[PDB]
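# Inside the fold
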2 protein chains.
Amino acid sequence: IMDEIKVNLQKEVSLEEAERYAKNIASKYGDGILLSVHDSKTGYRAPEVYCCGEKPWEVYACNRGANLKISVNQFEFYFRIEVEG
Amino acid sequence: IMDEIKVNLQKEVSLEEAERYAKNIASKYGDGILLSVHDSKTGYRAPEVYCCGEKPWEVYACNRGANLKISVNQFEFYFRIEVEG
């Protein structure tokens, strides 16, 4: 469980457009290290993790200290927000 | 129906804190004119519109050209985002 931001836009978005939207939001909180992405419409994920097993893109991100989930329509982006501290 | 951003934070937020969070997000898209606010925990709304009838704070905002709804935990903020166009 991490902080979450869910964006629902009336227009359709591409992966690139959604990522730009997500990175723009993340940037208000610090240095946004994008760890993983998932497309809930197509099943696509990055990095290439398949068959291992339940939501592997999320498990991957959480194991790398993900602390902010940003969804933009069908896309979910998992960030580690780094701060100067 | 307008574009929506829903923020779910692990920490508890005050009205002032939630408004600051919302205004900060809105600012990436243009000049954020805050039209109305509602607290879903207490029933509080601004401006002072009561008994008129279903979600009057939302009706008020929509009649003033609200185009972005930002929720921060229990709070909902309705903005008219103005652009230079």
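Residues numbered from 1 in each chain as written, not as in the entry; some residues may be left out. Chains lettered and ligands numbered in written order. Heavy atoms only, no water. Residues with missing side-chain atoms left out of burial classes, pairs and counts.

X-ray crystallography is the method the PDB entry lists for this structure, together with a resolution of 1.80 Å.

## Quick notes on the interface of chain B and chain A
It is common to report an interface's size as the accessible area lost on association of the parts. The following threshold applies: Contacts: residue pairs with any heavy atoms within 4.5 Å of one another. Numbering of helices and strands runs from the N terminus, with a helix taken as a DSSP run of H or I at least four residues long and a strand as a DSSP run of E at least two residues long. Throughout, the ten residues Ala, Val, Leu, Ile, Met, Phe, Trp, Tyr, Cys and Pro are labelled nonpolar, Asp, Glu, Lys and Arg are labelled charged, and all others, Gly among them, are labelled polar. We treat two strands as partners when DSSP finds at least two bridges between them.
With 15 residues of chain B at the contact, the number on the chain A side is 15 residues. Only β1 (3-8) and α1 (15-26) of chain B provide two or more residues apiece to the side of chain B that touches chain A. It is β1 of chain B that provides the largest number of residues to the side of chain B that touches chain A, a total of six residues. Residue classes in the side of chain B that touches chain A are distributed as eight nonpolar, three polar and four charged. Here strand β1 (residues 3-8) of chain A pairs with β1 of chain B via five bridges, running antiparallel. Bridge assignment links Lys6 of chain A to a residue of β1 of chain B, and that residue is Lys6 of chain B.

## Considerations on the relation of the copies chain B and chain A
Defined as follows: To overlay the copies, their C-alpha atoms are matched by a least-squares fit.
Taken as rigid bodies, chain B and chain A are interconverted by a rotation of 180° and an axial shift of 0.0 Å, the fit giving an RMSD of 0.0 Å. What the rotation and shift describe, once combined, is the action of a two-fold rotation axis. In terms of C-alpha distance to the rotation axis, chain B has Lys6 of chain B as its closest residue, with the C-alpha 2.5 Å off the axis.

## Re the environment of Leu15 of chain B
All names here are of chain B. Here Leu15 is to be found in helix α1. Considering only alpha carbons, one finds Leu15 and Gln74, 59 residues apart in sequence, at a separation of 9.3 Å. Non-local contacts of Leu15, meaning those with residues more than four positions away in its chain, are made with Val37, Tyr44, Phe75 and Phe77.

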